[PDB]
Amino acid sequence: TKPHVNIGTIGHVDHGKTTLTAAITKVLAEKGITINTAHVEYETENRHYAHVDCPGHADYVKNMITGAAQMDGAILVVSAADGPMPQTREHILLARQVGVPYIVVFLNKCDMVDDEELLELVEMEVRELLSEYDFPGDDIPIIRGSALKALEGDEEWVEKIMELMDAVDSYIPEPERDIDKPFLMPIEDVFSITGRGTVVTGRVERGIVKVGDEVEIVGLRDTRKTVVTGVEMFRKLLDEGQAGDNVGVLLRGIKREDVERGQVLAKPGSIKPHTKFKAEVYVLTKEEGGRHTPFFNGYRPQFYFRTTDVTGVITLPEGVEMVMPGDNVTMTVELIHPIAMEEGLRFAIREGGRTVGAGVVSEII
């Protein structure tokens, strides 16, 4: 019966994220690139959660950009004593750059703060700071609690943990399943057979492709349309192929010269080709197998999107001159060929087949 949701705690060091994570688990029970990540699983009445808490700054940066999970929502932990602090802002910004869809706030350490008027002012400030980065600060739920005192079993704080989790259960919706999204299949291989026409293999990323459906071929070249005359696997002929399936798809009236790896098939109009975009990117450290030297405004490495890579030129934001191994940066990119893309799409940066970066499209230009 029970739906799955990926969430995780964000906010400034020491504000209570790890404590809150253990309070939530305690209470609910009673009822290459390296990322340090504590994962816990727990349940409410209505839902199953996979929850990540990170120790270090770098970990949040890397988990957010090059995940593993992808957060359907985040719990912003903020100390009522202190107020929002620099990493409060940084994590809000990152969540916006990478497309964390919803936020719920837990104002923590309310056991250290009598004075209702002060709590309201800290609350108003959290709200404004959320709205600076276009989250709807006026409607976000903010619960006032104490993770410490909830683990001691103190009743009023145990109930604030439940108030949080009720809020999460209601305000953070379940992610749209991939099968209910517009059809999309990145193309891996292309075969021309004289008997049949041209078939493109790959994995359906989303939706359903049905024999007789019409699809666009998007990216690299100009968007052409066609109709699907066949779906297949090794000795099976199928009427359709769905999200997760590896299939060959037979296309009608398509010369082999007119499709290639890196293009996608897609429901007509569902996705458009682009060369220019903004992205948040994490640059790997020497130790992660990345660069050991900085790069600058000209830099022109390979961008890997779905099944292919395209050369692109990187422009740094105003007042950033260099990027070191281990930084994260918002960069603007112009690729030499268009690629089917949307905000939220993740990609790698490589040079000579060696991974130097991981990124996500934050804005299409």
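Don't overthink the numbering: it's just position in the shown sequence, from 1.
Per the record, residue 31 and residue 32 are separated by 10 or more deposited residues that have no coordinates. Higher mean CA temperature factor, per the PDB entry, when comparing 113 to 121 with 139 to 147: 113 to 121. In this entry, the higher average B-factor at the C-alpha atoms falls on 42 to 50, of the pair 299 to 307 and 42 to 50.
When the Cα B-factors of 291, 96, 177, 261 are read from the PDB record, 177 comes out highest. Per the PDB record, 68 has a higher Cα B-factor than any other of 68, 329, 324, 314. Residue-level temperature factors show residue 22 in the middle third of its chain, judged at the C-alpha atom. Per the deposited record, the Cα B-factor of residue 255 falls in the highest third when ranked against the other modelled residues of its chain. When the modelled residues of the chain are ordered by C-alpha B-factor, residue 354 sits in the highest third.
Sort the modelled residues of the chain by CA B factor and residue 1 lands in the highest third. Ranked against the other modelled residues of its chain, the C-alpha B-factor of residue 79 as given in the entry falls in the lowest third.
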